[PDB]
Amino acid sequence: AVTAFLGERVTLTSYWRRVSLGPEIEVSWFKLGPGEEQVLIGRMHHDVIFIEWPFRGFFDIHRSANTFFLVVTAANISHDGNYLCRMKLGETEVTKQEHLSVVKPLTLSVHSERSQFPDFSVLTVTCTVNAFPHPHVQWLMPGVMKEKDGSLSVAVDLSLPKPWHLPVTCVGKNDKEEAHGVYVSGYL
């Protein structure tokens, strides 16, 4: 891991190896970005914690014993990626890297539409999958929109001439996540 779902409180940890030390360690957490830049999230030293203004309310930091915690209060898609904790005791610095996976559970949709030209005999049925990180749709046989929340949507069309071979099944996946949509009958 560590894996978090969208909206979840989640925690990254780091520690100092000398168990008797704790407040003495200068701790700083960074979000790593494209492709080597490190962006300071916040600092802690002697139980004084300052979170940089851009991350304020999104991240917090606290200590337990020799153990240091990065709390991301509500995981959003931007939080998916690597993190670096820098621990410093006077001249000595030790570094810890940590990856966070943010996941948006998939939504699968199905709806149909009959044709209007040249006649009403063709049914095209549409299956849509929105997820993060890897939405994937397909029709079982007899265009990547990027959303405001950072998630991805994909859609496939299937066209049935008369007479319609119903039921038809769509398969939606994230990674190991799987759902099916089945169109059983039209309205008439």
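Each residue number is its position in the shown sequence, starting from 1.
In the deposited sequence, the stretch from residue 34 to residue 35 has no residues without coordinates, so the chain runs on without a break. In this crystal structure, the stretch out of 68 to 76 and 110 to 118 whose C-alpha atoms carry the higher mean B factor is 110 to 118. For the segment pair 5 to 13 and 169 to 177, the entry gives 169 to 177 the higher mean B-factor, averaged over Cα atoms. Across the options 61, 152, 140, 27, the residue with the most elevated CA B-factor in the record is 140. Sorting the modelled residues of the chain by their CA temperature factor places residue 54 in the middle third. Residue 48 sits in the lowest third of its chain by CA B factor, as recorded in the PDB entry. Among all modelled residues in this chain, the alpha-carbon of residue 39 has a temperature factor (C-alpha) in the middle third.
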